[PDB]
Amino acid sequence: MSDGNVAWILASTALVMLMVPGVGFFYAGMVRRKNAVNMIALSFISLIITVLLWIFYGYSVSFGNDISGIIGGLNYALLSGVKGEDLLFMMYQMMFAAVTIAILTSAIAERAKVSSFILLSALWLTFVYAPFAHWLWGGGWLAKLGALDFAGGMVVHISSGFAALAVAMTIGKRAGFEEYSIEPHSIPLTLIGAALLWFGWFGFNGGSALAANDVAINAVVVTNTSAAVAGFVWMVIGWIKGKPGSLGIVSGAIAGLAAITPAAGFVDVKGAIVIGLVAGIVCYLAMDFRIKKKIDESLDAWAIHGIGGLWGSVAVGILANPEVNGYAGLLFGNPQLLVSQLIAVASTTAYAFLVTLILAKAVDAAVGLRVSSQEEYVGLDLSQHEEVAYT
């Protein structure tokens, strides 16, 4: 099976797994000390829950027998019939689902009931993520009409970004959100998360070629490129607006990473530069806009992932270079690919937001999403975990 290829995907799988708690640390540093444990705990729970559901039926529903091009059957439930390298694919994919759910925790920072997050995550995974994976990567209707998503610009970034937006609006602003700014308790903790995410993204985008070949090498080159450009952009904006805080820098780098994900295996270095440059700009604008509109989509999963993933997914249709991976975009003489991406982006963006909104409200009405005011006041570490982050 080419031990080399298995080697690379085994490694890439470990890398993506690390990104789950990586997300937890990244977010934890930006919340208050009284909610640090909760923010990290959520990423671990996301992992645990994801692994179980994925095995149970998640994998089957995403990549099993296709039914009307919208979803898969239960032929792979409990991994029945999954052998050899399909098992490696399953495991690798399982980690993409886990990171997505963790990113989503951005919208419930500092005020959600853990039990409720679990219920909603299980439902979201079932009714939003699995479907997307199937549409694009499981031979679903989107792949059928020619849509492409190399590493998850849509399956992962658009889904969590817009789902995060829907969730934030449903759960409401944190107490005092509007009055005074919420300061991060540990920027260094966040920076550790950021280093783990950049590092893990090597397996995320580079592993998506499913082999140790020229496409993975390209994905690795362009991934690092877009990240650097988008990070540089936020740095400049930082200076333009005052001082370049470390948060803006890494946030910019992450915008570039999310934007390049859907295209990592189709574009050249020049294309990666445009994507990163534009990503840095539009994502920063989205942040200020959601801030202007007073939406407490707390850690900007939407501005960064939602908008970054949306852009990158569209950019695939404009800059795909056939010399790179056969596929060609508008600038390389193919208008058709652009239309496929727009349809794919319009569909996944609307569905992620609208369905998440339905799910969020359903659960809210069923069990209630938000913690009580006093718990929010004392912090979820104590109230939801009966723990104290530091002594």
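The first residue of the shown sequence is 1; numbering continues from there.
J.: So which stretch wins on mean C-alpha B-factor, 102-110 or 239-247?
T.: Stretch with the greater average CA B-factor: 239-247.
J.: Looking at the deposited entry, does 191-199 or 77-85 carry the larger mean Cα B-factor?
T.: In the deposited entry, the stretch with the higher C-alpha B-factor mean is 77-85.
J.: Identify, among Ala258, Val269, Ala97, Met154, the residue whose C-alpha carries the highest B-factor in the deposited PDB entry.
T.: Each of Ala258, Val269, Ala97, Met154 was compared by C-alpha B-factor; the highest is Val269.
J.: Going by the CA temperature factor in the entry, name the top one among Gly280, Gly206, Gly72, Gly306.
T.: In the PDB entry, the greatest C-alpha B-factor among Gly280, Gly206, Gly72, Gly306 is found at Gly72.
J.: Which third of the chain does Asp3 land in by C-alpha B-factor: lowest, middle or highest?
T.: CA B-factor rank for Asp3: highest third.
J.: Select lowest, middle or highest to describe the third in which the CA B-factor of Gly252 falls within its chain in this entry.
T.: For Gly252, whose C-alpha B-factor we compare with every modelled residue in the chain, the answer is the lowest third.
J.: Taking the values exactly as deposited, rank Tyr180 by C-alpha B-factor within its chain and report the matching third: lowest, middle or highest.
T.: Its C-alpha B-factor, which the entry lists for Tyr180, ranks in the highest third among residues of this chain.
J.: Using only modelled residues of the chain, where does the Cα B factor of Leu330 rank: lowest third, middle third or highest third?
T.: Answer is highest: the recorded C-alpha B-factor places it there.
J.: Considering only modelled residues of the same chain, in which third does the CA B-factor of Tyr92 rank: lowest, middle or highest?
T.: Lowest third of the chain for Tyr92's C-alpha B-factor.
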